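Trainee: Any chance you can model this:
(9 chains, ligands or ions: 4)
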Amino acid sequence: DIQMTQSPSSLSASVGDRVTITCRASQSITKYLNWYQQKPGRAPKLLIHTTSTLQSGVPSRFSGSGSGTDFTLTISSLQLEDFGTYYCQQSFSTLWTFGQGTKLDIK
Amino acid sequence: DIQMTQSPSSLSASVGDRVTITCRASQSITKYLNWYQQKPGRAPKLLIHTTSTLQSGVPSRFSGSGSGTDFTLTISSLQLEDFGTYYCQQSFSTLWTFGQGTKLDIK
Amino acid sequence: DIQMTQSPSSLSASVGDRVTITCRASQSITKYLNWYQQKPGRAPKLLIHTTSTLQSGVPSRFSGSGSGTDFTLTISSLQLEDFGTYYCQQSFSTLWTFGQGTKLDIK
Amino acid sequence: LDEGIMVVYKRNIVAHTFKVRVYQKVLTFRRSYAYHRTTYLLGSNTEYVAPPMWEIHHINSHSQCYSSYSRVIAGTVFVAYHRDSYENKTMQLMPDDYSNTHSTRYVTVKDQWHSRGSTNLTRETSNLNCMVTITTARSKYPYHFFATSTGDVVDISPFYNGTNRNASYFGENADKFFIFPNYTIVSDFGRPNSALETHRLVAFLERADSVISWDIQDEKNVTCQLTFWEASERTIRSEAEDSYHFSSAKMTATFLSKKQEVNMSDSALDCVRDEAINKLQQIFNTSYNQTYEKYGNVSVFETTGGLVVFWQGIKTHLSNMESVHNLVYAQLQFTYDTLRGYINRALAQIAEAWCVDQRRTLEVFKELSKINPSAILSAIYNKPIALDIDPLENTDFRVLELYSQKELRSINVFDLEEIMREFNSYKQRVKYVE
Amino acid sequence: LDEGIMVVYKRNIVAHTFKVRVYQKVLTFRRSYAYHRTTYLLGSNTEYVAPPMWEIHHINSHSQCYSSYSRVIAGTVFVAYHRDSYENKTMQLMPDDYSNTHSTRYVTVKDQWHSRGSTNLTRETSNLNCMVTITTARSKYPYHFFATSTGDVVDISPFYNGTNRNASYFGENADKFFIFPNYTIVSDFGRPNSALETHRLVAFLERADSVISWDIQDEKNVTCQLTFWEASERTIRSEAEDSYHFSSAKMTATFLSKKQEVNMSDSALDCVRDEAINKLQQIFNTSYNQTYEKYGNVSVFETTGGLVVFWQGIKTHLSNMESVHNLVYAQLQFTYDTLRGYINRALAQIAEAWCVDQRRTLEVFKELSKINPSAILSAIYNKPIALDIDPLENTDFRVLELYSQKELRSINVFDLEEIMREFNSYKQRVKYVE
Amino acid sequence: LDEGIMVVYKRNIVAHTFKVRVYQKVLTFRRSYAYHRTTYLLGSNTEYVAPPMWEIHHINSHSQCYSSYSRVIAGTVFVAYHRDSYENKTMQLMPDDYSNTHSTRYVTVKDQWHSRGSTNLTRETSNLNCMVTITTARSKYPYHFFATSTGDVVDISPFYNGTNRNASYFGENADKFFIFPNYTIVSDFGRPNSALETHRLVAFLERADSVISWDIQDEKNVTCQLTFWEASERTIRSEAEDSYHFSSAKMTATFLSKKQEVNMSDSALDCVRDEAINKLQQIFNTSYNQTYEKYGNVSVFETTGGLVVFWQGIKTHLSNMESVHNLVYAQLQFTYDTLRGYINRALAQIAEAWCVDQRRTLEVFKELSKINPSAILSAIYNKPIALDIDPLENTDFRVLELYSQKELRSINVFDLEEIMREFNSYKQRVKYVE
Amino acid sequence: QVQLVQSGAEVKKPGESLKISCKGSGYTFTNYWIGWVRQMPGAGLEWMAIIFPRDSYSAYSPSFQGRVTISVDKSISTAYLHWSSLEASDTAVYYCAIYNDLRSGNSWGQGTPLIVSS
Amino acid sequence: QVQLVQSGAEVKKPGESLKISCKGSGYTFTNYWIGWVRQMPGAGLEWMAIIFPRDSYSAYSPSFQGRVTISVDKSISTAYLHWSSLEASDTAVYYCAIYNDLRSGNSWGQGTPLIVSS
Amino acid sequence: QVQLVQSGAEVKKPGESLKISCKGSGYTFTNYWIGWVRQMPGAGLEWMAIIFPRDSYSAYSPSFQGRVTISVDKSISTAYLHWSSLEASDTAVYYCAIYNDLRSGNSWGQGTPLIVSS
Ligand SMILES: *[C@@H]1O[C@H](CO)[C@@H](O[C@@H]2O[C@H](CO)[C@@H](O)[C@H](O)[C@H]2NC(C)=O)[C@H](O)[C@H]1NC(C)=O
Ligand SMILES: *[C@@H]1O[C@H](CO)[C@@H](O)[C@H](O)[C@H]1NC(C)=O
Ligand SMILES: *[C@@H]1O[C@H](CO)[C@@H](O)[C@H](O)[C@H]1NC(C)=O
Ligand SMILES: *[C@@H]1O[C@H](CO)[C@@H](O)[C@H](O)[C@H]1NC(C)=O
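Mentor: Numbering: from 1, shown residues only, chains lettered A, B, ... in the order given. Ligands and ions are numbered 1, 2, ... in the order given. Take a look at the structure below.
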């Protein structure tokens, strides 16, 4: 078994603010470490893959980086539709481990 | 020591009859298994070699085949001069084993 | 340690006489076995090297040969300036062993 | 005198190049002897073996191989584990850097491993490595065999797919050859879980030392035997007792073809049939529009030099002969057909002037004979009764060899004879020195 | 203007090819380690050694070798038995199938053999194999060395037989070279007791890894240096200040030879001397009989391009220069000697017409000066007192490279530079990875 | 019509050849098994390793190496001694005889050594040999890599010396590459205490299997890219709408260059700049002195065929295009520019004669119309009112292939395809036979 | 890259069996592995079945032994999820996805909400 | 392929020595092994000597030790059979043959009948 | 081949230190090993120091430990012989030479006679 922690658990920010979300795990190797996007009542959708390529149709306002056992997803400017639930996960061969997922919202 | 049996010991047939004569031995390998031809008061002469080639000067009325430890010589049509003593033998390097030889004659 | 003997210790000859001087040692291999030339009050100077090549500026009146543990230097015609002290030596890497040197003079 | 647009296609002498996946297990056994604190290396032996077919499928599906190899010899299974580790570890294919031009390799092991043995005892350790090489394999017509950049030669046509036995050569054993439809292969071998591309037909061959895999493509789709050389819109066409002559001043050369036309429905012109037409149409829409019209249909001719000509005038099978590398002979025809078309025409511009002139003088004599018959008598006698020198000397051409044979043998940095002599010297040093 | 029948012989640039029997003992030692029920293969090493001379004689006499090999090292005899069987079994040479173009091999062992060792103990087993290869060896003039299809190079002339030292090169050690007269060799190595063909002289060389045997043939009997290119009965012969010109319209080319004739008794023309004559006689009995007779004797000429011409008119030693592969330059002479023979003759047909014409007009003026001196005064003044344009422009030829250098480097499926780079990469992978 | 002395330099297609010192330690481990009185050879394995840098310095200083080799693997030092002798003996480099063309080798050990082991026990003995090979390494422009006669390929420019990174290629690892100024190397490796020559800069590279050393030379000093082909003092110069034409009757060829001159200060002409001038001056002092003077300065032109022309009349950068091996096309221009310069001039000698003649007749008619208008009326009507045949036929040239493709593939005694097929067969025999 | 359309919302009481169809839209594939998961409010997605594209084996070691059966097929790859002995804890949204189409792209299906209500 | 002619019939009483000449006709050979055999009425041929072409060693392990001596020679290969201590059991037809000339061709000689009669 | 000029004659009493200069004439060298020797009447030359060209270590195992110090340098290779505690037995002619320039050529210097006299 391996651990997975996506931080922060809950956070809020205004429109047009760069925000960084971290993901930590006890994986032996880098694996893939993709980042997703979900909304309440909607199916999850990917955001980034391999920490170097992004899903087609998603503009370049999202970026990803990583070092050691930590991997960060950065957003240059938050939009109205960007608030939701985000997930980080590992997937190798058929084995798959998912993350709890951070929540982004505006008061 | 090895055994050698040429069959039949004695047989008779009319003019123009296909006849098959068998030769059996306990040889380790195929060796050569040539077939000869002899007449009373005459020197022996070869008929077939390697079960695939025939002596020059002998027409194509003789054929040879073999399987396992048995080797057969077949004659399509017997002629007046074809009656006589036939032999089968093995010869490797300088070692040579000869056969008793079948007798073909017409009453 | 190795031995070295240059023969003769002292000898005399007239002008224009071929003279052979020998050098013996307990060297493991051929090494180089060069031959020198010295005069009283003058610095030593080479005569032959490798038993096959001679110092530049020295004419072809000197020759060298060798066999086994013996090496001979031969002079065709002795001259007035050829009288002096001669040496044979071995030199490998930085190690060097020198000879006592024969004396050539005319009464 | 008639004119037409021509497209000269040269024979595809360049070998068809495709990508071949070579899967190989490198068993590198290093043996050493340990004595107190100093270890004596006893040597090493490296061999290449073909991974099993299921392992090939696992590699093509996950970019991962297994650290164990199994071989059946005389009914006995011999198993070799990587770094003498008796587990079933699955190792990923990572790049080994290097350049190798076009021979990228993915290996599970990037560093040789060997541990010293116990005191007064020799130890041998295995260094099994799973290597996948994306090599470039080149084949030449009739494509009965293709060879990669490395030393791998197979007697199998790249387009043979089981049902193409009569049209594609297959000389290797059928047991070692397999065909897989809708086969899935990783897009990138360097990382696991890569995108899996599906291919309609993939061929595998279990070689002696490796497994060679290639994607099967149609021969008439990607391996067409004609390459576009050049198009000429201003070409003069002429007919001679045994040849059609197409002379282009753009390239200053004339091509001679036999007195026959190649059928347009030939199987060797398929991928060219449209293409050679299309460019022609483009030309007809680029330089000779409005004022010119297409005279006749598109025709195919085979020149004596081996080139193919697609001809369309504007106002019956191909052979195996290859095109001549040096086209100066064609230019030679341009040096002849021009002058032959000039000097003769010059004669047609001189004799026509001369014959009239001799006529014009003749009438002058015709009346003169009635008045002064002496001139006529002298003309018919060519004797009395009662311009420039020619510098065209014999310019005997000599053999202008720009580079001598010694220079020609040293054009490239690799000489096969020297390499073979060095290999022979190596064999002598390892055997004859004994 | 004189005519004669010519036979053009080209230089024999093709290497003389003969059959070489390579006898080699393949010692393939397979080492493995057995643990409980799983056996770990520790590796294998394959080496090639030269069988002893008596074993070579036994093979050539009976198509059979021995399952034991002996080698002397430092005064100690090392003996290796096949499949660790310590008997003196004699094994027959059976074919190993395969194709190998022209490299048929007969081997006593067709399957690799190896048995697993005891528990907790490594075992190494030998796989000695007697292999006889009927390879094709090619040699080029002066035949100082010949090499087979495989990687075997020997510094011995194929025709040297001991007494031919001054005429045939011999650079290898004389200890390893042997000559046998009236030597008996099996006709077929595939089966025992085959027909024993007797040869007048057979040469053997004990190489480092094998033994190379070849049947010695006379250099002037089977290795003639001239190859029949073509013949021409309708050839125009001309003489120029430094060269004889032989122009043939059948091949549309002219060859230029020096102002000397090669002696008919030359040693390099022997096998050709009769043959080149015979064809000539055949031609004299085929196309130009009855009405024509042989003018002069048969002569030999060496053209500037390297070709040899046997000439016989119908009504002094050779050099080492080789023939030019591309003969377009000869055709260039046919483009010149024709036009030079035409235009000048055209001048001989124009100036001769002009000089008479200027004469014919002159007499017309000669009397006219007595009647109308104005015309004569104007002619001698070339001024009054009281045809066609030239389309022959500067057609500067460009370099019509049909195939670019990139295309030329990819003509063949094998590139030497790529193979050497792959070998270097293999060396790096087996050594640098450490 | 203007004349000048020309010097044609051809492109240096021959690879620059230099001497490379390859230092290698050959570890040849021979393993055998001894049983009673008969010893069974278990095999052998030969590997090549790079000697340490300090040992390279010792060899270059004393022509002597050490009988011990050390290698670091996974933090453990493995040491191999020669003939299992655990001392630190220093062995001298003695020649191994042989010829190897230009691959002289100096080895400390000239005979393979192996002693039989004890009864019922296998023994393996090392045969470490220090081999220094003075190989010939050839490099081609842009000299990004050079390869020796043996199978050694390095991705380092021969002229790179650390500070020449931007002008000389360097693709190998910088860790394995070293530069030594004022480095001392033995003149003769065959004997100890040889003369120590000092060199300004020596480059070393620790390869996987050996160490490659070479003396660094300036690229513009010893590796000039132009080779003198031929000089011609009697050359006719002409101008055409797009090209300067230089026609030499000594070589019977004309070269066409673009309408521009290469700058004399070009970096690729340096070693030629003086040399090409010097010969010119020599020519000006040899054949065309006193009565002739140098018209204009020396100019550099690049012909369309790739040749370089240094021109000096007597009364703007180079490209990477290489010269054409076959110069017959240039001779083709000599077949054209002559005839184009002849026939047209012939027209200039005929039409000029014709136009005057038609004038001379015209005046004869001019008065005749006053006396006999019938001739004038017939001339203006070209009808009555009240020379030679042309043998210039269509000589369609055929492809005169002197040697067929089968003959062309067998020119040399080595065929790469056959060697690769034999190597594949060897791999099948060592692996597939199992 | 592949849409992987799925059937609409299905309502079924517990106890009996549940059938779900998930068409392999986007492109005809036999390479991308198939993953069936379920999602419930208050938490993320949890894997329930990981299988090959062209066939199925219903790999489930720690979760719901015998309660999941997948068949799928080749070519069009129409996945079929079958559940036996439906329980109240199974009321959730089921998703079908391909493991990776292009560049680690795990495209999920539309999602079928199995919800028990009136 | 090679005739291998042999001398005519020879008559000699027992006790003394017998000399038989067998010329190597057909073609000059030094490759085909030489076999000397004897044949008696009522049975086939029995091998008595097998030797090399260019020389001879009279190989006879189980039959008539010391009673057969063959010399032969090179080139023309004229075989010479010599018998000592002739016995009544030796009255038979002696044959010389080459072991194999072409395609397992063992061509026999004309055969010399050694018969004791009046 | 290289002259290897040396300083002139030097006169110094025993006890103090002796300085000798050996200029590397002929050609700029850093390859030929340097040898310092001494010669006395009635006997030949005896080696005292053998050192590298570009530097020095004063290698002297059996003779005069601590009494010889050589420094030399690179490029011009100007050798510096230094002697401490001069004794009466040291009165002799000192020579500096290169071990081998060309073809085993050991060219000696001019020689400095260290002699104690009035
Ligand atoms: C196996 O037997 C053969 C012959 O039957 C042996 O070959 C002989 O070798 C010796 C030298 O050792 C030669 O003098 C003989 O001429 C060889 N015989 C023949 C017929 O040529 C061979 O040595 C035997 N094997 C071993 C391992 O001793
Ligand atoms: C490949 O196999 C199919 C049958 O599945 C066949 O129709 C086709 O012709 C084959 N390809 C070629 C190039 O023949
Ligand atoms: C071969 O040797 C014989 C002598 O036996 C000699 O006469 C002959 O010239 C030799 N062959 C050649 C090609 O020299
Ligand atoms: C070699 O290095 C020197 C600096 O020491 C540099 O000036 C020179 O340009 C270098 N050689 C080349 C060919 O660049």
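Trainee: what about residue D:194, how many neighbours?
Mentor: Neighbours of residue D:194 under the rule other C-beta atoms under 10 Å in any protein chain shown: 21. Yep, even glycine has a C-beta here, placed from its N, CA and C like the rest.
Trainee: ok, residue 100 - how many residues close by?
Mentor: Picked chain A for this. 14.
Trainee: my bad, the chain I had in mind was chain G
Mentor: Neighbours around residue G:100, by other C-beta under 10 Å: 24.
Trainee: Now it. Nearest residue, chain neighbours left out?
Mentor: Spatial nearest neighbour of residue G:100, excluding adjacent residues (C-beta to C-beta, 6 or more residues apart in numbering or on different chains): residue D:193 at 5.5 Å.
Trainee: any idea how far that neighbour lies from residue A:68?
Mentor: 21 Å (C-beta to C-beta, to the nearest Å).
Trainee: ditto for residue D:216
Mentor: In terms of C-beta to C-beta, residue D:216 sits 45 Å off from residue A:68.
Trainee: where along chain A do the helices fall?
Mentor: Secondary structure of chain A (DSSP state H): no helices located.
Trainee: The residue nearest the centre of chain A: what's it in contact with?
Mentor: For chain A, residue A:35 is the residue whose C-alpha lies nearest the centre (C-alpha atoms, centre = their mean; 3.7 Å). Shown in contact with residue A:35 (C-beta atoms under 8 Å, 6 or more residues apart in numbering or on different chains): A:23, A:46-48, A:64, A:73, A:86-88.
Trainee: Scan the residues you listed and report the most crowded one.
Mentor: Going by other C-beta under 10 Å, residue A:88 tops the contacts of residue A:35 with 28 neighbours.
Trainee: Settle it for me: which of residue D:216 and residue A:68 has more neighbours?
Mentor: Higher neighbour count among residue D:216 and residue A:68: residue D:216, with 23 against 7, using other C-beta under 10 Å.
Trainee: Give me the nearest residue to that one, chain neighbours excluded.
Mentor: residue D:201 (4.1 Å).
Trainee: Could you chop chain D up by domain?
Mentor: Listed domain ranges for chain D are D:18-221, D:224-325 (source: automatic domain parsing).
Trainee: Export those as TSV, with columns for distance to residue E:367.
Mentor: Below are the domains of chain D laid out as TSV (distance: least, C-beta to C-beta, whole Å):
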stretch	distance to residue E:367
domain D:18-221	81
domain D:224-325	51
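Trainee: Show me the one of those that comes nearest residue E:164.
Mentor: domain D:18-221 (38.6 Å; C-beta to C-beta).
Trainee: quick one: terminal-to-terminal distance for that closest one?
Mentor: From its first residue to its last, domain D:18-221 covers 13 Å (C-alpha to C-alpha, to the nearest Å).
Trainee: quick one: it to chain centroid distance?
Mentor: 28 Å (C-alpha atoms, centre = their mean, to the nearest Å).
Trainee: and the gap between the residue of chain A found nearest ligand 1 and ligand 2?
Mentor: At 56.9 Å from ligand 1, residue A:93 is the closest residue in chain A, using C-beta to the nearest ligand atom. As judged by C-beta to the nearest ligand atom, to the nearest Å, residue A:93 and ligand 2 stand 31 Å apart.
Trainee: Could you find the closest non-adjacent residue to that residue?
Mentor: residue D:62 (5.7 Å).
Trainee: from what I can see that neighbour touches residue D:186, true?
Mentor: Yes - under the criterion of C-beta atoms under 8 Å, residue D:62 makes contact with residue D:186 at 7.4 Å.
Trainee: Those two - which one has more neighbours?
Mentor: residue D:186 (24 against 20).
Trainee: And the strands in the chain?
Mentor: All of this refers to chain A. For chain A, the strands defined by DSSP state E occupy A:4-7, A:10-12, A:19-25, A:34-37, A:45-49, A:53-54, A:62-67, A:70-75, A:84-86, A:88-92, A:95-97, A:102-105.
Trainee: I was thinking of chain G, sorry if that wasn't clear
Mentor: G:18-22, G:34-39, G:45-51, G:68-70, G:79-83, G:92-98, G:112-114.
Trainee: Count the residues that sit near the closest residue to ligand 4 within chain G.
Mentor: At 45.1 Å from ligand 4, residue G:103 is the closest residue in chain G, using C-beta to the nearest ligand atom. Using other C-beta under 10 Å, residue G:103 has 21 other residues around it.
Trainee: What of residue A:10?
Mentor: 8.
Trainee: Any idea how many residues pack against the residue in chain G positioned nearest to ligand 2?
Mentor: For chain G and ligand 2, the shortest gap (C-beta to the nearest ligand atom) falls at residue G:75, measuring 15.4 Å. Residue G:75 has 11 neighbours, counted by other C-beta under 10 Å.
Trainee: what do you get for the one 10 residues further on?
Mentor: Residue G:85: 12 surrounding residues under other C-beta under 10 Å.
Trainee: Please apply the same query to residue G:7.
Mentor: 17.
Trainee: looking at it, it is touching residue G:78, isn't it?
Mentor: No - Residue G:7 is beyond contact range of residue G:78, at 10.4 Å (criterion: C-beta under 8 Å).
Trainee: between the two, what contacts are shared?
Mentor: Common neighbours of residue G:7 and residue G:78 (criterion: C-beta under 8 Å, 6+ apart): G:21-23.
Trainee: And the helices in chain D?
Mentor: Using DSSP H, helices in chain D cover D:53-62, D:219-222, D:270-284, D:328-371, D:373-381, D:405-408, D:416-427.
Trainee: nearest to residue F:257, of those?
Mentor: helix D:328-371 (18.6 Å).
Trainee: tell me the angle the closest one makes with helix F:373-381.
Mentor: Relative orientation of helix D:328-371 and helix F:373-381, computed by axes from the mean of the first three to the mean of the last three C-alpha atoms, to 10 degrees: 160 degrees.
Trainee: Can helix D:328-371 be said to contact chain F?
Mentor: Yes - contact of helix D:328-371 with chain F (C-beta under 8 Å from any C-beta of the partner chain) involves D:328-329, D:331-333, D:335-336, D:339-340, D:342-344, D:346-347, D:350-351, D:353-356, D:360-361, D:363-364, D:367.
Trainee: who are the neighbours in contact with the residue nearest to residue D:216?
Mentor: D:161, D:179-181, D:183, D:215-216 are the contacts of residue D:201 under C-beta under 8 Å, 6+ apart.
Trainee: what's the closest non-adjacent residue to residue D:218?
Mentor: Closest to residue D:218 by C-beta to C-beta, 6+ apart is residue D:159, at 6.9 Å.
Trainee: The one you found is in contact with residue D:143, isn't it?
Mentor: Yes - between residue D:159 and residue D:143 there is a contact at 6.6 Å, judged by C-beta under 8 Å.
Trainee: If you count neighbours, what's buried in stretch D:333-348?
Mentor: D:333-343, D:346-347 (16 or more other C-beta atoms under 10 Å in any protein chain shown).
Trainee: my bad, should have said stretch D:274-283
Mentor: Those would be D:275-276, D:279-280, D:283, for stretch D:274-283 by 16+ other C-beta under 10 Å.
Trainee: Just give me the neighbour total for residue 63.
Mentor: Here I'm looking at chain A. Quick note: residue A:63 (other C-beta under 10 Å) scores 15 neighbours.
Trainee: Switch to chain D, please.
Mentor: So residue D:63, with other C-beta under 10 Å, has 23 neighbours.
Trainee: again with residue D:318
Mentor: 19.
Trainee: and the closest residue to residue A:61 other than its chain neighbours, what are its phi and psi?
Mentor: Counting by C-beta to C-beta, 6+ apart, residue A:76 is the residue found nearest to residue A:61 once chain neighbours are left out, at 5.1 Å. Dihedral pair for residue A:76: phi -70, psi -50, per degrees, to the nearest 10.
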